[PDB]
Structures are given as C-alpha cells and as structure tokens.
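Peer 1: My questions all concern the structure below.
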Amino acid sequence: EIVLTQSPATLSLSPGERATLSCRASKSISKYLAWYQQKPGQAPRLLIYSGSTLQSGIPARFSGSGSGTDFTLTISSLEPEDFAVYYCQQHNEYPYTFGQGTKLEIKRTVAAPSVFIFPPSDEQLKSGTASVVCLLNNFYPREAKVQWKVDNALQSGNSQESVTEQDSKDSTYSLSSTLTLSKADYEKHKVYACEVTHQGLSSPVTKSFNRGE
Amino acid sequence: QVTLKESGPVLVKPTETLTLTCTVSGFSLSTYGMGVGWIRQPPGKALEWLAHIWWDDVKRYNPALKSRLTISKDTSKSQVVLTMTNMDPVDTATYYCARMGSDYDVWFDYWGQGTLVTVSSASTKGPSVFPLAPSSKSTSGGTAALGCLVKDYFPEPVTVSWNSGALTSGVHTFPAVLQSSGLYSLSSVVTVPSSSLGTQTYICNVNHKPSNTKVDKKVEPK
C-alpha cells in the first residue's frame, strides 16, 4: 500500500567515501522508517530505526535523517565489508512494506584474475557427460570475457558462467566458466583452451590442456 | 542469548500447503512486548512481510495473502508456526522468521537464517560430486587450485564445506545454475599452497537436505 522507492538502484564507491541512499515514501510515514543491510545469503541486519536511531550493534559511521516523505541513509567510511544490498522499510502503517533495495559495490585497485583449467574427471565421463571448467579467481572489476576454444575453434551456447558475490574482505569477484559436451564429442577433440580477456591483463591470457595427458 | 531457527529447506507441490516452524530461544513467546514475524524473499527480489504474532496472541497478516495464511505460537515449545495454503511456483522464496525490536513498532532486530522453500512438482534428487583435481594447469606458481563439481540435484540449496569446516580461506562456492534437465549444477573451489598437496588431505563435504543425501569426496592430484 505505502510504496517505498529506493534510489539509486546501484552504487559503486571507493574505500573512504560516503554512500548516500535515498528512500521515498508515497505518503507521509512521519519518522517511522528503518534501514537494513543484507549480505549475499544472509539475513538482513538492522542498521537504523525510526529514521535516525542507530541500533544496538552498529558502528557510528552509519547514520540516518529525514521524516514524512523523504529519508536518507548515509554510510561514512566505506570499508570493503560495506558491500551489500540496503533496504528501507516503513514501520508506521499496516501493511508493512519494503523498498526494492540499493546494491552497493566497493571499488578496489584493478586485479587480474589468476586463471586455472580443469578437464573433466574420468569419473564423470563414465556416465556420458564432460564438464570442462575454467576458473577466474579474485578479479576486479567484475567485467571479464571468457572464450572457449576446442581445437582452435570458437564455441557457442555450450558454456555457462557463474559469478560469486563481491568478497567482503578484499572486494574481488570470482568466476566459473563451464563447458559441457557429450562424452562422444569430448574424445573427438584434442586441445581444450579457455581464453580470458580482462582489464587487468595487457593481453588476453589462455589456459589449455591436451586431452587425456 | 537470543536466537531463531526456521525448519529445514522444503520442497512443496503446487496447490499444497507449506508449514514452517520458527524455534526461538533466549526469550519467551509470552513475555510482555515479545513478537515474531515472517518475512520472505524471492530470488534476486525484494523483502516481503507475511505475518507476525505478539505475546498476547494478536495476529497480523499481509492483506494480499491473508486468505492463504495462518500463524500461531506455543510458548512451552518455543515455536511459532506459519501455514500457507495453495502454494504456487511464484511463492518460491527464502522464508525468514524474526523478532520485533519493540513492543509496538513493526521492525525486526533478530532474524533466523532463512529457509529456501521451492514450489515445484518435480522430485528431489541428490547430487553427484566429481573432483576438480589440482594439476600443473591449476598450479600457477606456489599456489594450487582444486575443487568439487556438484552436479544434477534438485531442489536448492546444497551446502558445501571443506575438511568438515576446518578449511574456509580461499573457498569459492559458486551460485548454482539451473540446467536444461531441470537440475542444478555448481562448483566449489579452493586455493591452497602447492607444498601441501602431497601432505594434506582435501575433502569436500556436500550436504543436500531436501533429498537427505550427504556425500564426502576426497580431491587428489590426478
């Protein structure tokens, strides 16, 4: 019913900065707004309640202001741990509602990913599938292009990528790229190569292996 | 002190009924001012308030879903229960229980860790677990990477740990992707010193509650 509109949707700032997050209520809620911080697969942690009361457990670099229609959460000395989604929630009026969140990224110096490759285990082949896995470890920024080459030829629609949420200690991301062929097709070919292009790399790096060996 | 824990991860069939228990300790579900609420979160989506109950048995429900919801408490058992009828694939979400932080205002100060409810008519299936063995093609000077690929299970979640929780640094467990077969797949990976690959045993522990399967796999250069 009371709609809460958070701004901006995403934010990226360096250690030491101030993050400024807005929340707008469609109708007056007096002072009764709370803020929560939510890391990846964790419960929300309550930061502020009633607009500006800093809660039990929370460092003073978090603060809040506003009333009625407009509210602002401020985070003052961005540390790497500050990575999260941040939600506002009105506690004034039934029914109780939440904003859609702001996602904060914490900047760090550019880091190129260490890249490793894994051939399928012999054990998976025995069941008629092959999973070739390329791992890009601890990189910043998040943008990275992975290209799969089977016998010097490009691949398409046969790889899947998964990225971890930004680490909370060193602000890096990691990425998995997974090439899935049939056993038949796997043994049909010799050289498996994962080609990684990333801003921390002067030139695209390749990791590869000769089938079996 | 104050804790709360949601009953384990459940798979619920379309149209059926979900039943969740929150088990509380550190306070009484009948002390003045104490209250417990349920809030859910669809994947990649916002938080949503479901219902809460107070010490004196007063109950509040989301009006949009009111027709489908029941909430109750039993003080001697230290449990709050949530019943949601006519489940729909759209109800697939993480379900939290939380305590209110005041005796009046509805905001939450302590939270359970959440339980993933998946609404689907598909059957549970436990994972196959394959090694991703360390080699020279995973040994980039002084440091080696190894893992386990955890494959072909349903529903989410799966929990993966290394040497029963004694290895936590360098561990990346990637989000599952839902494959064309309608089963999830993921890798859990870890980086360790090279010198230790002949010494230290590395095991991945893969727990899949919905299908009641636990797998241990040793990972070894080969």
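Each chain in the structure tokens gets a letter, A, B, ..., in the order shown, and its residues are numbered from 1; ligands are numbered from 1 in order too.
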As a ChimeraX atom specification, please: the residues near residue 195 of chain B (cut-off 10 Å, only C-alpha atoms, same-chain neighbours under 4 positions excluded).
Peer 2: /B:142-144,199-200
Peer 1: Let me see the file: selected residues, N, CA and C atoms, as a short mmCIF file (atom, residue, chain, number, x, y, z; two decimals), in the first residue's frame.
Peer 2:
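Just written: again31.cif:
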data_model
loop_
_atom_site.label_atom_id
_atom_site.label_comp_id
_atom_site.auth_asym_id
_atom_site.auth_seq_id
_atom_site.Cartn_x
_atom_site.Cartn_y
_atom_site.Cartn_z
N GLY B 142 53.50 -21.64 -6.82
CA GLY B 142 53.41 -21.65 -5.36
C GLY B 142 52.02 -21.90 -4.80
N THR B 143 51.00 -21.67 -5.63
CA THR B 143 49.60 -21.81 -5.22
C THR B 143 48.80 -22.68 -6.17
N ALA B 144 48.07 -23.64 -5.60
CA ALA B 144 47.26 -24.56 -6.40
C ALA B 144 45.77 -24.48 -6.09
N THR B 199 50.90 -33.68 1.16
CA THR B 199 50.78 -33.84 2.60
C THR B 199 49.33 -33.90 3.04
N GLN B 200 48.62 -32.79 2.85
CA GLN B 200 47.30 -32.58 3.41
C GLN B 200 46.21 -33.20 2.56
#
Peer 1: Might you pull out every residue within 10 Å of residue 113 of chain A, with only C-alpha atoms counted and same-chain residues fewer than 5 positions away left off, and present them as a PyMOL selection string?
Peer 2: chain A and resi 135-141+144+172-175+196-201+205
Peer 1: Quick one: write out the picked residues with N, CA, C and O atoms as a PDB file, in the first residue's frame?
Peer 2:
ATOM      1  N   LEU A 135      38.316 -21.547 -14.306  1.00  0.00           N
ATOM      2  CA  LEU A 135      38.154 -20.719 -13.114  1.00  0.00           C
ATOM      3  C   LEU A 135      38.946 -19.402 -13.187  1.00  0.00           C
ATOM      4  O   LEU A 135      40.164 -19.409 -13.378  1.00  0.00           O
ATOM      5  N   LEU A 136      38.242 -18.282 -13.034  1.00  0.00           N
ATOM      6  CA  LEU A 136      38.887 -16.971 -12.918  1.00  0.00           C
ATOM      7  C   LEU A 136      38.760 -16.548 -11.472  1.00  0.00           C
ATOM      8  O   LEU A 136      37.651 -16.369 -10.969  1.00  0.00           O
ATOM      9  N   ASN A 137      39.901 -16.391 -10.811  1.00  0.00           N
ATOM     10  CA  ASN A 137      39.932 -16.171  -9.378  1.00  0.00           C
ATOM     11  C   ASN A 137      40.370 -14.774  -8.943  1.00  0.00           C
ATOM     12  O   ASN A 137      41.438 -14.280  -9.346  1.00  0.00           O
ATOM     13  N   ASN A 138      39.534 -14.145  -8.116  1.00  0.00           N
ATOM     14  CA  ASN A 138      39.890 -12.897  -7.435  1.00  0.00           C
ATOM     15  C   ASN A 138      40.241 -11.767  -8.399  1.00  0.00           C
ATOM     16  O   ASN A 138      41.388 -11.324  -8.449  1.00  0.00           O
ATOM     17  N   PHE A 139      39.255 -11.308  -9.162  1.00  0.00           N
ATOM     18  CA  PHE A 139      39.466 -10.203 -10.074  1.00  0.00           C
ATOM     19  C   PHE A 139      38.602  -8.953  -9.783  1.00  0.00           C
ATOM     20  O   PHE A 139      37.525  -9.039  -9.167  1.00  0.00           O
ATOM     21  N   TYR A 140      39.098  -7.800 -10.234  1.00  0.00           N
ATOM     22  CA  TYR A 140      38.344  -6.548 -10.223  1.00  0.00           C
ATOM     23  C   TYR A 140      38.790  -5.721 -11.426  1.00  0.00           C
ATOM     24  O   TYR A 140      39.992  -5.660 -11.705  1.00  0.00           O
ATOM     25  N   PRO A 141      37.838  -5.083 -12.142  1.00  0.00           N
ATOM     26  CA  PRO A 141      36.390  -5.089 -11.913  1.00  0.00           C
ATOM     27  C   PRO A 141      35.708  -6.355 -12.398  1.00  0.00           C
ATOM     28  O   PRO A 141      36.370  -7.253 -12.902  1.00  0.00           O
ATOM     29  N   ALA A 144      34.603  -9.270 -17.398  1.00  0.00           N
ATOM     30  CA  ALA A 144      35.598 -10.214 -17.863  1.00  0.00           C
ATOM     31  C   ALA A 144      34.943 -11.005 -18.976  1.00  0.00           C
ATOM     32  O   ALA A 144      33.789 -11.410 -18.859  1.00  0.00           O
ATOM     33  N   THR A 172      37.241  -8.558  -4.253  1.00  0.00           N
ATOM     34  CA  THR A 172      37.355  -9.209  -5.559  1.00  0.00           C
ATOM     35  C   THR A 172      36.108 -10.028  -5.893  1.00  0.00           C
ATOM     36  O   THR A 172      35.322 -10.364  -5.005  1.00  0.00           O
ATOM     37  N   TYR A 173      35.949 -10.336  -7.181  1.00  0.00           N
ATOM     38  CA  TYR A 173      34.959 -11.288  -7.676  1.00  0.00           C
ATOM     39  C   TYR A 173      35.688 -12.536  -8.136  1.00  0.00           C
ATOM     40  O   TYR A 173      36.875 -12.476  -8.454  1.00  0.00           O
ATOM     41  N   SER A 174      34.985 -13.662  -8.172  1.00  0.00           N
ATOM     42  CA  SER A 174      35.484 -14.848  -8.862  1.00  0.00           C
ATOM     43  C   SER A 174      34.451 -15.330  -9.851  1.00  0.00           C
ATOM     44  O   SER A 174      33.266 -15.034  -9.702  1.00  0.00           O
ATOM     45  N   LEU A 175      34.895 -16.072 -10.861  1.00  0.00           N
ATOM     46  CA  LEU A 175      34.014 -16.518 -11.936  1.00  0.00           C
ATOM     47  C   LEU A 175      34.326 -17.943 -12.347  1.00  0.00           C
ATOM     48  O   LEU A 175      35.500 -18.340 -12.413  1.00  0.00           O
ATOM     49  N   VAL A 196      40.865 -15.839 -21.668  1.00  0.00           N
ATOM     50  CA  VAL A 196      40.394 -14.824 -20.714  1.00  0.00           C
ATOM     51  C   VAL A 196      40.870 -13.415 -21.086  1.00  0.00           C
ATOM     52  O   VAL A 196      42.074 -13.162 -21.170  1.00  0.00           O
ATOM     53  N   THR A 197      39.913 -12.514 -21.303  1.00  0.00           N
ATOM     54  CA  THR A 197      40.192 -11.101 -21.553  1.00  0.00           C
ATOM     55  C   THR A 197      39.636 -10.270 -20.390  1.00  0.00           C
ATOM     56  O   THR A 197      38.433 -10.320 -20.101  1.00  0.00           O
ATOM     57  N   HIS A 198      40.515  -9.511 -19.733  1.00  0.00           N
ATOM     58  CA  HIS A 198      40.176  -8.723 -18.542  1.00  0.00           C
ATOM     59  C   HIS A 198      41.073  -7.482 -18.455  1.00  0.00           C
ATOM     60  O   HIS A 198      42.259  -7.544 -18.780  1.00  0.00           O
ATOM     61  N   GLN A 199      40.493  -6.368 -18.011  1.00  0.00           N
ATOM     62  CA  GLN A 199      41.175  -5.077 -17.912  1.00  0.00           C
ATOM     63  C   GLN A 199      42.497  -5.065 -17.116  1.00  0.00           C
ATOM     64  O   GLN A 199      43.295  -4.135 -17.241  1.00  0.00           O
ATOM     65  N   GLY A 200      42.734  -6.085 -16.299  1.00  0.00           N
ATOM     66  CA  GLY A 200      43.993  -6.177 -15.552  1.00  0.00           C
ATOM     67  C   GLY A 200      45.065  -6.884 -16.359  1.00  0.00           C
ATOM     68  O   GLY A 200      46.204  -7.033 -15.910  1.00  0.00           O
ATOM     69  N   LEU A 201      44.684  -7.318 -17.560  1.00  0.00           N
ATOM     70  CA  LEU A 201      45.567  -8.054 -18.465  1.00  0.00           C
ATOM     71  C   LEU A 201      45.911  -7.251 -19.706  1.00  0.00           C
ATOM     72  O   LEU A 201      45.034  -6.958 -20.534  1.00  0.00           O
ATOM     73  N   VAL A 205      44.987 -13.679 -21.730  1.00  0.00           N
ATOM     74  CA  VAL A 205      45.651 -14.915 -21.286  1.00  0.00           C
ATOM     75  C   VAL A 205      44.851 -16.163 -21.706  1.00  0.00           C
ATOM     76  O   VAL A 205      43.608 -16.140 -21.741  1.00  0.00           O
TER      77      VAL A 205
END
Peer 1: Taking only C-alpha atoms into account, which of A:110, A:130, A:88, A:13 comes nearest residue 37 of chain A?
Peer 2: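 Once distances to residue 37 of chain A are computed over only C-alpha atoms, the minimum belongs to A:88.
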Peer 1: State, in Å with one decimal place, the distance from atom CA of residue 207 of chain A to atom CA of residue 131 of chain A.
Peer 2: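 It comes out at 15.7 Å.
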Peer 1: Which one of A:12, A:109, A:35, A:147 sits closest to residue 58 of chain A if you count only C-alpha atoms?
Peer 2: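 The answer is A:35, which sits nearest to residue 58 of chain A.
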Peer 1: Starting from chain A, keep only residues with some atom at most 8 Å from an atom of chain B, counting only C-alpha atoms, and report them as an MDAnalysis selection string.
Peer 2: chainID A and resid 34 42:46 49 89 91:92 95:101 114:121 123:124 160 162:164 174:176 207:209
